[PDB]
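First come two forms of one protein chain, each written alone as structure tokens, so that there is a structure 1 and a structure 2.
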Structure 1
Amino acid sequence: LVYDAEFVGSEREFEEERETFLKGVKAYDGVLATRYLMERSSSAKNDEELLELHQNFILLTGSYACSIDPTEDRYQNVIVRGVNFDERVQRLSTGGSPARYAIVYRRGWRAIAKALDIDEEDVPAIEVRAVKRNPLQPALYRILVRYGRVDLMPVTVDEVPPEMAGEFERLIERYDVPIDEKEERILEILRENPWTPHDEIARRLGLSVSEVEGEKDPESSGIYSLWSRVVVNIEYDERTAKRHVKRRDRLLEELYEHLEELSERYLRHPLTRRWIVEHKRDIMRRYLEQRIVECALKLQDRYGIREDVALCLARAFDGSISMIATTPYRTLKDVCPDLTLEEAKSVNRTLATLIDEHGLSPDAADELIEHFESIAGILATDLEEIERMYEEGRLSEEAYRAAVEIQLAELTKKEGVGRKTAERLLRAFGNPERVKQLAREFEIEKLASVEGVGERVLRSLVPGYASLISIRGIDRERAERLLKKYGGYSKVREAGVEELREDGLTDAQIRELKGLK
């Protein structure tokens, strides 16, 4: 399977990138070693000092990762398990760095280390996927990395805000971000336990992981998309970024000296970097071991997969069910030759949907899985982009038509939207997710500017709009202004009488609004 990329900036920019990656490797090494130490004894395991050290390594790995490709243009032809990542990120509305996009995937460092000439023998791993012991809300942590948020990644555990962890919804509320109905289902689970694994959330909501996760772009649906919506609204703080970068190298050194000192409790020979290098492969295996077992068990018990295949797929994707669920049938078969199509459809539900619902050959479904990852990845892509790929010759007729039908149905599903209106909405606004974003933000006039989008379509698409506009003498202009002012319908309805009067409502209208009389 191909992992590759090339360096495309200046010599200066090259030396910078190299230094950063190696500092990130150094930090990831501390993640692995402390985890190794935590499993080495059981007094170790309940050692709060040891857990904080392990969390400080996670933050510093996070921080260094955030610093990759600061100009978003230093890397090209980023390929990860055969997938072109340049194309993947450029099709998202916010674009961004394809190298950091890569890093947020298991094994994504292999591509990036190659661009930078770091010997495979060094095993220069960086991973930023920690869930259970992550000091940050995990989806957020990955989103900070994706977006290169050196300003936002805390550089010490004592410095993590509660709004980035146990009180993470404060951050969402702070930037007034609209949340879809699916996302509110997600949030009910997350409020209770911010560190709930994504596959557990999916299980409880009866959804796939890709449905829960969404694309790492504002114009999607699910936790990644929600966080991306928050993060791109937080203006970059250059000074804080500089302070973090300025502190972090010394912090890393102190972590190592703490590591060595702490380890004199649970080992016989001290734990140095030299011991890391020597034992690197073993500690990488110890790190993954429980993930792999858990994934295998699930694939067998939850998706009916044969026991030998279950285990073969777990090891191949480092225990990540979410990844297996978004890998082309041909990539799955590549790494695990005994796998059947039926088993592949069982765990890859985009695959099963495309084949069963849309009449695609495994091969034509794989085109879409390769290019878009999932049904959610298709919904997040501009129709014109998909069309262009089919013009270019890079997407079969059959794959293109299913994509269009998938996009149209996300709209025709709503009362009053026919195929043509739906096609017009996609030409005007890009994709179905962007249409729903505009509706969540009450952009009634903008939405009504497209031919075919009268009162009916608005009533189905815009939440609260139907409720407000049925109050007599409130008009489309005022509904929009009201919905934007208070933040939605419940909030217009609970407004104070006096402030509603200054909005121009009569007492008869407020009375009716409030359900009085």
Structure 2
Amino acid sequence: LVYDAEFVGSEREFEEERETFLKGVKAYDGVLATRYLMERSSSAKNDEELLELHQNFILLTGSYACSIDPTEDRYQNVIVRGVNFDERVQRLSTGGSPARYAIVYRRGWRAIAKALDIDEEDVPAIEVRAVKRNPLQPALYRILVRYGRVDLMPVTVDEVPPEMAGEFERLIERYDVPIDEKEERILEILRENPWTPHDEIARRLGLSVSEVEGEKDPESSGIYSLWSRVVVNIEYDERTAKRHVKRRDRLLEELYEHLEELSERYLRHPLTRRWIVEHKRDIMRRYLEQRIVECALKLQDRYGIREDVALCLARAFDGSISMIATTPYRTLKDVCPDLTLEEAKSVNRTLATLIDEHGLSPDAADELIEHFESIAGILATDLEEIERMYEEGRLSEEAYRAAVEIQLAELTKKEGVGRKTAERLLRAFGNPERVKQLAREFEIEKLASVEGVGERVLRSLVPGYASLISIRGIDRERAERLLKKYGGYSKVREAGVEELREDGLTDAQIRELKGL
């Protein structure tokens, strides 16, 4: 399966990027060496200063990865497992660097390491998908890298705020970000355990992994997209960035200094940086083993896949189920030939949705998955872009018709909304998700300025709009004020009487609002 990229930046820019990449590899080797050590014994798995060091390596790994491709244009033709990521990024509403986008994926680093001709080390991996022992809220960790947030990524366990870990919730709240129904379901689970794995969440909510995740953009739906809304609203702080950059280099030497010292307690040979480079492959198969295996038995007992195949797919994808169900049939079959269509539908639900429910060829299905990754990715794409594509004939007739179907389907699924009204809306604002995002943001005048949009469609889209306007004495203009003022319906419902009478609302209105 193809991995590849091409560097198009200046000679001086070229050397800068390799300095960054090579440091990140040095940081990620920390994460691996600490893991090797703790699976050696009982005591090692329970040594406190060992867990703490493990985490500081993870933080530094994240920091250098934020620093890849600062000008958003040093690379082109980024391919991961046969798919061009340039195109992925350009269709997303905020665009951005396809290099950092590629690094969020298991094995994505291969594309970039080719372009930079990295050969100074065996298996020069940078990975950023650490879950159970992550200092930060995991999903958030990934989205900081995607937007190159050198400034926001902390570089020491000590400086990690409770708002990026323990109460990640305050961060959402501080920026008035709109959240949808599905997203509310997710956060429930995370409220008890913020380090709950995505597939486990998926199991307990009866949803596939891709619905849980979403697209790495504000204009989508899932924990990924939710975070993107947030991060894009924090303004960039040039000073912190500077501080982090001068402080980070020294830490990497200090941490390695700390590892050797501790390593002597559990071995007769110390873990020097030299030993690590020496025994790279040896050190990381220990990690990959259990990972691959825990994933092969899952695919058998939770998915009913023959043992030979389960073992094949696990290996190919470095033990990630997430990655497996973002992958088109033909390529899953390409590396695992005994794989039946039935069995592949069992792992990728997106696939089973367009075939069993919408009714397409496996060919058109693989098509849509290739260009847009998932159902969510189709909805995050502008209706007129879709057309432009088919215009120059990149989408097949069967594929083009289907995308148009799924997009309107997201609107016409509702109570009062019809075909042509949904079209005009996508024409005025681009895509469905931006429409729903605006409806949660309560911009009502802006929406009713479109022809076909009256109170019947506002009662269908804007949450708590029906609830508020059906009150006697309140009008549109007024509903917009109050929902914006307090943020959301229930925050009006549960507001204090002093506050609400301050807004000129009478007791008759308040009683009914509270519902007394």
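Structure 1 provides the reference sequence; residues are numbered from 1 along it. In this text, the rigid core denotes the largest set of C-alpha atoms whose superposition between the two forms falls within 1.5 Å.
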| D122: CA shift of at least 2 Å between structure 1 and structure 2 after core fit? | yes
| said: Is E289 displaced by at least 2 Å at its C-alpha between structure 1 and structure 2 when the rigid core is overlaid? | reply: yes
| said: On a rigid core superposition, would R493 pass a 2 Å threshold for CA movement between structure 1 and structure 2? | reply: yes
| request: For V80, tell me the Cα shift between structure 1 and structure 2 once the rigid core is superposed, in Å to one decimal. | output: 0.4
| request: Once both forms sit on the same core, give the Cα displacement of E502 between structure 1 and structure 2 in angstrom. | output: 4.3
